[PDB]
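A short write-up of the structure that comes next.
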4 protein chains.
Amino acid sequence: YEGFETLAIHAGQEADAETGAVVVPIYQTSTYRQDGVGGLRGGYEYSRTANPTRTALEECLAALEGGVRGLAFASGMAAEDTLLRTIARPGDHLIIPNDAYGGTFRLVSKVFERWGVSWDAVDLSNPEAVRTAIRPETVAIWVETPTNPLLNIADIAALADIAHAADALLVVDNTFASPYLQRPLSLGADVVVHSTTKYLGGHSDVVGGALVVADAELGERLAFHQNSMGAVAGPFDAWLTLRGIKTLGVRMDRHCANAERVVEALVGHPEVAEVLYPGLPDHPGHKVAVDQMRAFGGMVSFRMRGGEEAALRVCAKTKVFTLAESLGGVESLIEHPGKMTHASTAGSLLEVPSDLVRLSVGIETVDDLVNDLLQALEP
Amino acid sequence: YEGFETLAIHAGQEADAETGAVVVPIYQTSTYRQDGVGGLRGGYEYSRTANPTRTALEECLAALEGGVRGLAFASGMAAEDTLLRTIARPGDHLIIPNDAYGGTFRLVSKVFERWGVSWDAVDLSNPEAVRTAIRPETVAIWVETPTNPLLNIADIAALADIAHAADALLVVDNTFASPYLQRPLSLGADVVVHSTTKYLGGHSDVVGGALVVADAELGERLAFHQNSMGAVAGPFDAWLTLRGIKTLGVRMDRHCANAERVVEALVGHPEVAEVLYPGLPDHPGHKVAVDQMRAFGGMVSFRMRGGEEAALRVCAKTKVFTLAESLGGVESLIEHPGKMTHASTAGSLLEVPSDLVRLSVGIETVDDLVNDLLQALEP
Amino acid sequence: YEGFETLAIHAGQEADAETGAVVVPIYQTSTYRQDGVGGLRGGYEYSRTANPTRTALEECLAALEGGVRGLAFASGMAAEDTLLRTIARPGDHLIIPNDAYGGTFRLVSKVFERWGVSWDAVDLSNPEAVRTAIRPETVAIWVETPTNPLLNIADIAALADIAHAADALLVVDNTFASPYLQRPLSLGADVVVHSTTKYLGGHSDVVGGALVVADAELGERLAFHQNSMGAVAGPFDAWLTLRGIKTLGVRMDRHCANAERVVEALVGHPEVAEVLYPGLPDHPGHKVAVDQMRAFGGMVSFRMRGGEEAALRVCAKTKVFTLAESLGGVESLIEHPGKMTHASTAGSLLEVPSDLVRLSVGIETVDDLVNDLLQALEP
Amino acid sequence: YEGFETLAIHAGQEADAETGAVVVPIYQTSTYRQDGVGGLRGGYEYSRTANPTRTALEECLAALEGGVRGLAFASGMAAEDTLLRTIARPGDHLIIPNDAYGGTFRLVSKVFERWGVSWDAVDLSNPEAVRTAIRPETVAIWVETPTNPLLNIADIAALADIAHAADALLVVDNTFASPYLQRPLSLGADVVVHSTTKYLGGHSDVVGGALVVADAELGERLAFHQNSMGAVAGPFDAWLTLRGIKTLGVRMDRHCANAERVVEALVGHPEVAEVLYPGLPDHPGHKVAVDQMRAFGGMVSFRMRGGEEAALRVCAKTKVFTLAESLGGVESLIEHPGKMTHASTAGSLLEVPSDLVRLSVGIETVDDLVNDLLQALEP
Ligand SMILES: [Mg+2]
Ligand SMILES: [Mg+2]
Ligand SMILES: [Mg+2]
Ligand SMILES: [Mg+2]
């Protein structure tokens, strides 16, 4: 019955057996001495196959999402690539979101399509659209919720029942919510994907990815690709991600509180046409978010009345929010998806409005963040 | 006209502009501040796409192999996976070696074949066999020389002419020789692959991979997959690999000298049936090795007269050589390919003899290594 | 008018000039290229003298304590040693606390006394005792508040007026409170000492120290000893400490809330004779703590009715609290000062009661911590 | 009977007991779980006191110098400070070299003299001057050989007999020679000092120090100061130093060969008045160097016929040699001691000639280094 914040510090992380070291060592090693041929020590043989620091991260992530197996990768994108290489083959079909991380769209449309996988982008906020989009060849439904960058909401349990009726897998990219806010496996998801670059590492200082699964056999198929394709998290990056995880609860509590205050400053600001945040009662899918999320996240998007020109000006004018790609760090970030993170979706069903600004609201003192936005919004 | 050892220390590695730091900093960062939307600083935007520490490693590797572009990956296997995902598609064919790293065989036969790529294993030491094995669908010839673990030799320039006559690419996995001993691009190869886990990092403490190319357009296609699939080397691992590269010349000189002495101790030892080393005049392909290699490497393989049982005993009895997977570190390693690194090729054309022992001869004091082998060989 | 949590993330930490990297690079370098003899780049010459990663930590710490200069060291003890070597000489006298970190007592009594510095331990909770203990040779009053391990309270502003009337310095070891809870320079202290090993690094994974001063000339004298004695924080440790600082506010808020709940569970528990916590209204110096501290900290000490035997049993029985030295990490720790951290004060004025247990209450889920203590206390 | 290069890789560095990891883990931890109060695991309790990564470095260094105990510090200067704080007290006297690292002079003259230690600088190349300079209060003779920067030579065995006849300790700062070239404890020294920043780490990327002793009781007194003053090497720096040590033999062989070639280019160059190198037969103390050194080192100093003005020009003109402080890295460095490393000795007995240039000859390709010097020397 251990609580989330306890598991984040302790799961996978018993003190070292030989020395008692209370923090997992950094096993910066490629290989391991065997006691006679095949006489493994502690089950280790070669670091791409398994590394003890990476094991601690994988076990911690599995505990936090309530899965049987975690797997850590060199980036979120590498987690996605290993997942799709494992579960798809030429001739298969994928349903993907109609609003998603540009890199997900690029991997599916520009690499996997060349390799014989078909796809359709669907409004995942409409179960009847997802049900209808199933094809005989569909192997998976790929869900982000909240979506990047509009923060639209998908009912994970509802979509799990649709996927499973079609003998398809439900994949949830839980990057934005993190395990602290949302636990897709508990609602029927088969696979959880993270970019640990974002909230799990939490400090804008590690690029990494992860998968967590409910089914041990699927976990073994994914681990075979983790080993054979080799897109693994290195031990030092894994160690920093695990260090970050230890404060996910306290960071996420502050991201959510600071984002609620930022939303209050944006709603009704005369320069702001629309505020996108799952916690607003009139946000599409608010009631689903209330069902499935502990709180509504640190991300806030909004549209400028004066269009792209006004949005580009706001993005250049902040002095506390930093203009950069990425999200989920302690530090506040701002960007223009149209020209930055989502320029890769221009011309597709996933194209983002040119008047949109995306915020990753950090854990700085909230009055500093509100004041910085208010001066940046002033024409 | 700068020499190899100079380039290994200096290429990609000018002192820091702001501070003069003589060693490349570790840019443990995920993202970069822009000066206005799209106003990149120094061309950086997001670490999976490019990171300044990874850039220094990539530029150094390109200089050492004489290529236009280097790309660093999370492991050798990830370099291979990104290469094959870029240059092949369903319906294509590959020629691979008939003696090769088990992970190469596993990736081609167990992942890419499922994804619609056909393959044949060929004796690359016989140009007429390679020429004959070309098919209309062949996109690449994949060469290891010396091969892992028998140390057979392939004439890179000869195979480049065969590949290019078929409008195919020549890929050379230059892991065993390293850039210090062999420079495949100078002999017509299109792509060089490394496991930097081995001699380039040099200290059995980093898992990593690299590609180097001669053609800038192929380099851009590979970089698109590096970014989109995301199997990148992290900055700290990249930094340790680069640190290792600085001593490649002096380490490799000592590996070669110590391996020549170990060969002298094994040849004619009454328990040893055969010694495999490119530098022995009667080794198959010795004259080609003399042509294309500065020296003959740190790897030595040998077969035991008393069969698998004798080989397993030798592997358990060394006290200085460590029984482990991997190779190319300062420390001496021993293994039994049949049951360790090449158990994955059992039942295929690449199956290794059960009486074979593989040594990675390290840079310890040579009399200690010879004495350790001599006591381990004593029945 | 920037807030603490903003400064913790941003002070000393502008994005990199050349690349925009949003996180300070790890300048793992010993030296720096000069443009002509004495042509320094960015003022750097040799890492013991100054290193850019260590500078960012030093500037951040100075901002958080409101000082003009910060200095980072290899450990808290090294910060203390460099401080005392700078401000004292043979023939000088120090006033130290009558309850203090055992290492402080050991450094003063077992090293500095041999080197000709006299000392007296005084009850710093009694201003009239401190005033009375001044001698003509007294150069400094060394204050911990709250004290390690009894958590007694000293009125910093009152003691600053006593020190300054005697032309002596007031030194406050602010390790337990951290800059987030208490800012001694704002109350007249001359020097703040930290063990950054504790709450500032926050993750039980770095040993480090710091000094912060109000007066630039004293800062230059300390920096001369930092350079000349060389007990510097290395850049990677400095970088991890700085990463930890980014979450000090959210960690400390949770440590304080969880400690208040633990205090409620201990007060009136039939096995517990006394609970020591600054936030209890009847704790000696509570009203001073209310004046000078934002909140009352994560440390809680308590005495067992059944004596040393009962205290040793509790310390061995916890399953969530880990039995270890140290404090201020995310993870909960328990120890017995009498036999562990304060065995070095046995036989002195600083001897700790044998029936005392010290807790560093971490940020795990509070019900898990309360339940673990309650089962450990059950006879 | 194990050889130096074997010990450098293996001593202190058995594979990990639990996992077999062939490289020592990075124990980035502050503390260690105890099994009951005082139930240490593997003897560890708190990282300032001992850390397993720092232990491996300390054990390796002890093996390489043939001592009973090694101790690692935050810098060379911190090793020196802990040594002198341990072995001296007010009223004691030290003999120091008349040519030495400026930081040694600064620590003795500007810190320890204030703390009541007297000193004299003596020509250590003249045993009769050292014998004569002994005073009743002399506690140690501090020897550098070769000296920084003139490369003068002291007969360690001769000076050990003088020190021991006076019941004084002989301290040898073995930084320039390293353990691979010179083993002072084997010639009667009591303590060896290193800056591991230089040849031991070898890559200009770690600041660190070490002590090695022959007598276990002196080792315990030094360890008490290591713990109590806390100027320890952190685990990551210790780990990089240990990685560097693994290639000391092959790096030093190349430094010596490249320095011999550079000496040949400087001797008789019309712009060069004098070349200082222990290997030149007419260098003062050459025959002693032949006795006590395996080879003559990577350092080369020389005086310019055209004086300071010519020396400053050479230092600014090199394109391969980098103008910077420090020495002992793979990369070649040049400096002007008068204005850079030894400006701190201006006005003392240790003042360096203004026409002197110091080279740390690196392991780059020797023709590149000779050509770079020859163009820099051209007026
Ligand atoms: Mg364990
Ligand atoms: Mg540059
Ligand atoms: Mg800056
Ligand atoms: Mg061991």
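Please note that chains go A, B, ... in the order of the structure tokens, that every chain numbers its residues from 1, and that ligands are numbered from 1 in the order shown.
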
Task: Expected answer as a PyMOL selection string: alpha helix (DSSP H) residues in range 24-152 of chain B - done: chain B and resi 52-65+76-87+102-106+127-133

Report as a tab-separated table the residues of chain B within 12 Å of ligand 3, each with its shortest atom pair and distance in Å (one decimal), using only C-alpha atoms and all ligand atoms, ordered by chain and increasing residue number.
```
residue	atom	partner	partner_atom_place_in_ligand_line	distance
B:17	CA	ligand 3	1 (Mg)	11.8
B:18	CA	ligand 3	1 (Mg)	8.6
B:19	CA	ligand 3	1 (Mg)	9.9
B:33	CA	ligand 3	1 (Mg)	11.9
```

Open item on the list: As a quick test: using only C-alpha atoms and all ligand atoms, which residues lie no more than 12 Å away from ligand 4? Give them as a PyMOL selection string.
Closed with: (chain A and resi 17-19+33) or (chain D and resi 10-25+42+52-53+55-56+59)

Can you write out the residues you just picked, keeping N, CA and C atoms, as an mmCIF file, in the first residue's frame?
```
data_model
loop_
_atom_site.group_PDB
_atom_site.id
_atom_site.type_symbol
_atom_site.label_atom_id
_atom_site.label_comp_id
_atom_site.auth_asym_id
_atom_site.auth_seq_id
_atom_site.Cartn_x
_atom_site.Cartn_y
_atom_site.Cartn_z
ATOM 1 N N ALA A 17 23.968 -3.658 -1.813
ATOM 2 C CA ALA A 17 24.205 -4.831 -0.952
ATOM 3 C C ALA A 17 25.590 -4.816 -0.312
ATOM 4 N N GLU A 18 26.653 -4.529 -1.090
ATOM 5 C CA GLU A 18 28.022 -4.649 -0.529
ATOM 6 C C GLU A 18 28.423 -3.514 0.402
ATOM 7 N N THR A 19 28.033 -2.274 -0.008
ATOM 8 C CA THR A 19 28.505 -1.067 0.684
ATOM 9 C C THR A 19 27.419 -0.344 1.446
ATOM 10 N N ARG A 33 32.405 -9.440 -15.536
ATOM 11 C CA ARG A 33 33.112 -10.704 -15.302
ATOM 12 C C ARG A 33 32.133 -11.824 -15.009
ATOM 13 N N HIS D 10 44.543 -2.895 -12.738
ATOM 14 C CA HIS D 10 43.909 -3.930 -11.906
ATOM 15 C C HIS D 10 43.963 -3.583 -10.422
ATOM 16 N N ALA D 11 45.012 -2.906 -9.906
ATOM 17 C CA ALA D 11 45.143 -2.718 -8.447
ATOM 18 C C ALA D 11 44.002 -1.858 -7.918
ATOM 19 N N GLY D 12 43.333 -2.289 -6.842
ATOM 20 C CA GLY D 12 42.167 -1.569 -6.304
ATOM 21 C C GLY D 12 40.964 -1.800 -7.115
ATOM 22 N N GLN D 13 41.031 -2.573 -8.212
ATOM 23 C CA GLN D 13 40.012 -2.577 -9.281
ATOM 24 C C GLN D 13 39.592 -3.982 -9.632
ATOM 25 N N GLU D 14 39.420 -4.856 -8.659
ATOM 26 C CA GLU D 14 38.757 -6.144 -8.935
ATOM 27 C C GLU D 14 37.344 -5.903 -9.444
ATOM 28 N N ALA D 15 36.841 -6.812 -10.271
ATOM 29 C CA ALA D 15 35.473 -6.640 -10.753
ATOM 30 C C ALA D 15 34.482 -6.626 -9.577
ATOM 31 N N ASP D 16 33.390 -5.903 -9.831
ATOM 32 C CA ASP D 16 32.372 -5.732 -8.763
ATOM 33 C C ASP D 16 31.890 -7.091 -8.298
ATOM 34 N N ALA D 17 31.750 -7.248 -6.967
ATOM 35 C CA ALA D 17 31.327 -8.538 -6.391
ATOM 36 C C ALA D 17 29.915 -8.931 -6.811
ATOM 37 N N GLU D 18 28.942 -7.999 -6.745
ATOM 38 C CA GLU D 18 27.535 -8.390 -7.007
ATOM 39 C C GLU D 18 27.204 -8.601 -8.477
ATOM 40 N N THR D 19 27.755 -7.686 -9.323
ATOM 41 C CA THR D 19 27.377 -7.647 -10.743
ATOM 42 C C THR D 19 28.485 -8.077 -11.675
ATOM 43 N N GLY D 20 29.722 -8.186 -11.205
ATOM 44 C CA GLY D 20 30.866 -8.410 -12.095
ATOM 45 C C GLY D 20 31.300 -7.196 -12.896
ATOM 46 N N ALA D 21 30.705 -6.039 -12.741
ATOM 47 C CA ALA D 21 31.116 -4.856 -13.551
ATOM 48 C C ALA D 21 32.640 -4.745 -13.576
ATOM 49 N N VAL D 22 33.236 -4.722 -14.777
ATOM 50 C CA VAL D 22 34.700 -4.736 -14.859
ATOM 51 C C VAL D 22 35.300 -3.380 -14.543
ATOM 52 N N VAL D 23 34.544 -2.319 -14.559
ATOM 53 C CA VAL D 23 35.027 -0.996 -14.163
ATOM 54 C C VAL D 23 34.397 -0.652 -12.827
ATOM 55 N N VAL D 24 35.170 -0.047 -11.935
ATOM 56 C CA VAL D 24 34.684 0.421 -10.610
ATOM 57 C C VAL D 24 33.452 1.290 -10.838
ATOM 58 N N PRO D 25 32.294 1.071 -10.202
ATOM 59 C CA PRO D 25 31.198 1.993 -10.282
ATOM 60 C C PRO D 25 31.541 3.380 -9.735
ATOM 61 N N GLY D 42 30.632 -3.387 4.401
ATOM 62 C CA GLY D 42 31.880 -3.203 3.729
ATOM 63 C C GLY D 42 32.705 -2.128 4.295
ATOM 64 N N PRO D 52 33.664 4.261 -1.921
ATOM 65 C CA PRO D 52 34.282 3.104 -2.565
ATOM 66 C C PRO D 52 35.038 3.469 -3.857
ATOM 67 N N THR D 53 34.555 4.444 -4.601
ATOM 68 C CA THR D 53 35.297 4.851 -5.820
ATOM 69 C C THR D 53 36.625 5.495 -5.392
ATOM 70 N N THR D 55 38.270 4.933 -2.662
ATOM 71 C CA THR D 55 39.109 3.836 -2.151
ATOM 72 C C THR D 55 39.878 3.136 -3.287
ATOM 73 N N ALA D 56 39.166 2.889 -4.398
ATOM 74 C CA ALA D 56 39.840 2.212 -5.516
ATOM 75 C C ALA D 56 40.988 3.074 -6.013
ATOM 76 N N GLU D 59 43.877 2.921 -3.333
ATOM 77 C CA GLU D 59 44.548 1.605 -3.373
ATOM 78 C C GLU D 59 45.414 1.479 -4.623
#
```

TODO: Could you give me, as a ChimeraX atom specification, the residues within 12 Å of residue 183 in chain A, counting only C-alpha atoms and dropping anything in the same chain fewer than 6 positions from it?
DONE: /A:4,61-67,145,156-157,172-177,189-194,212-214,291-294

Keeping N, CA and C atoms, export the residues of the selection given above as a compact mmCIF listing (two decimals), in the first residue's frame.
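Listed below is the output, part.txt:
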```
# COMPACT_ATOMS: atom_id res chain seq x y z
N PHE A 4 2.82 6.90 -3.83
CA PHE A 4 3.58 7.24 -5.05
C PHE A 4 4.93 7.84 -4.68
N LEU A 61 10.20 2.96 -12.83
CA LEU A 61 9.13 3.35 -13.76
C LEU A 61 8.03 2.31 -13.77
N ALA A 62 8.35 1.04 -13.77
CA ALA A 62 7.32 -0.01 -13.74
C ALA A 62 6.49 0.13 -12.49
N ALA A 63 7.11 0.39 -11.32
CA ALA A 63 6.36 0.57 -10.09
C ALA A 63 5.43 1.79 -10.16
N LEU A 64 5.92 2.88 -10.72
CA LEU A 64 5.11 4.10 -10.72
C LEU A 64 3.89 4.01 -11.66
N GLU A 65 4.01 3.29 -12.77
CA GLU A 65 2.88 3.12 -13.70
C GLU A 65 2.11 1.86 -13.37
N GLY A 66 2.50 1.04 -12.41
CA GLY A 66 1.82 -0.19 -12.10
C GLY A 66 1.95 -1.22 -13.21
N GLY A 67 3.06 -1.30 -13.89
CA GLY A 67 3.34 -2.30 -14.92
C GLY A 67 4.24 -3.43 -14.43
N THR A 145 -2.74 12.09 -24.27
CA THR A 145 -3.78 12.85 -23.54
C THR A 145 -3.11 13.37 -22.28
N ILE A 156 -9.18 7.24 -21.85
CA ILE A 156 -8.30 6.05 -21.99
C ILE A 156 -9.10 4.77 -21.85
N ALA A 157 -9.92 4.65 -20.83
CA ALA A 157 -10.68 3.41 -20.60
C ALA A 157 -11.61 3.14 -21.79
N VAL A 172 -0.53 4.57 -24.84
CA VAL A 172 -0.73 5.95 -24.30
C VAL A 172 0.65 6.56 -24.07
N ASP A 173 0.89 7.65 -24.75
CA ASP A 173 2.03 8.55 -24.50
C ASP A 173 1.63 9.46 -23.37
N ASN A 174 2.15 9.14 -22.17
CA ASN A 174 1.77 9.72 -20.87
C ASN A 174 2.81 10.79 -20.49
N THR A 175 3.53 11.31 -21.47
CA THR A 175 4.61 12.30 -21.19
C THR A 175 4.06 13.53 -20.45
N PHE A 176 3.03 14.18 -20.96
CA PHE A 176 2.52 15.46 -20.41
C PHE A 176 1.97 15.28 -19.02
N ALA A 177 1.23 14.21 -18.73
CA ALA A 177 0.60 14.04 -17.42
C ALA A 177 1.59 13.52 -16.40
N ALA A 189 -4.82 0.51 -20.78
CA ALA A 189 -3.75 0.63 -21.77
C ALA A 189 -2.83 -0.57 -21.72
N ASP A 190 -2.28 -0.94 -22.87
CA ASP A 190 -1.30 -2.03 -22.98
C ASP A 190 0.15 -1.52 -22.80
N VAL A 191 0.42 -0.32 -23.29
CA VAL A 191 1.78 0.23 -23.28
C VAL A 191 1.68 1.68 -22.91
N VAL A 192 2.57 2.11 -22.02
CA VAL A 192 2.77 3.54 -21.72
C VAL A 192 4.11 3.95 -22.32
N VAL A 193 4.14 5.07 -23.04
CA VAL A 193 5.34 5.70 -23.60
C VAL A 193 5.60 6.99 -22.81
N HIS A 194 6.88 7.24 -22.47
CA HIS A 194 7.31 8.55 -21.98
C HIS A 194 8.49 9.06 -22.75
N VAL A 212 6.57 1.29 -20.50
CA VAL A 212 6.12 0.40 -19.43
C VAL A 212 4.96 -0.43 -19.93
N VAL A 213 4.95 -1.71 -19.63
CA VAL A 213 3.88 -2.62 -20.16
C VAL A 213 3.25 -3.35 -19.02
N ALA A 214 2.01 -3.81 -19.29
CA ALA A 214 1.28 -4.67 -18.36
C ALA A 214 1.55 -6.17 -18.59
N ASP A 291 -12.03 12.76 -14.34
CA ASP A 291 -12.13 11.28 -14.12
C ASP A 291 -10.71 10.68 -14.01
N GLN A 292 -9.87 10.99 -14.96
CA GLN A 292 -8.65 10.18 -15.20
C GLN A 292 -7.37 10.85 -14.71
N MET A 293 -7.36 12.15 -14.39
CA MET A 293 -6.14 12.90 -13.99
C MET A 293 -6.26 13.38 -12.55
N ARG A 294 -5.19 13.27 -11.76
CA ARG A 294 -5.16 13.73 -10.36
C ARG A 294 -5.28 15.26 -10.37
```

Task: chain D residues near chain C (8 Å cut-off, only C-alpha atoms) as number ranges by chain - done: D: 28-38, 45-48, 73-78, 80-81, 89-90, 103, 106-107, 114-116, 197, 204-207, 228-234, 236-237, 312, 315-316, 322-326, 335-336, 339-340

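Taking CA of residue 259 in chain B and CA of residue 260 in chain D as the two end points, the separation is 27.4 Å.
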
TODO: Within range 96-260 of chain D, find each residue whose DSSP state, derived from the backbone, is strand (DSSP E), and express the selection as a ChimeraX atom specification.
DONE: /D:96-97,118-122,138-144,169-173,191-195,209-213

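Shell of residue 272 in chain C at 10 Å, with only C-alpha atoms counted and residues fewer than 2 places along the chain excluded, is residues 266, 267, 268, 269, 270, 274, 275, 302, 303, 304, 305, 306, 307, 310, 311, 355, 356 and 377 of chain C.
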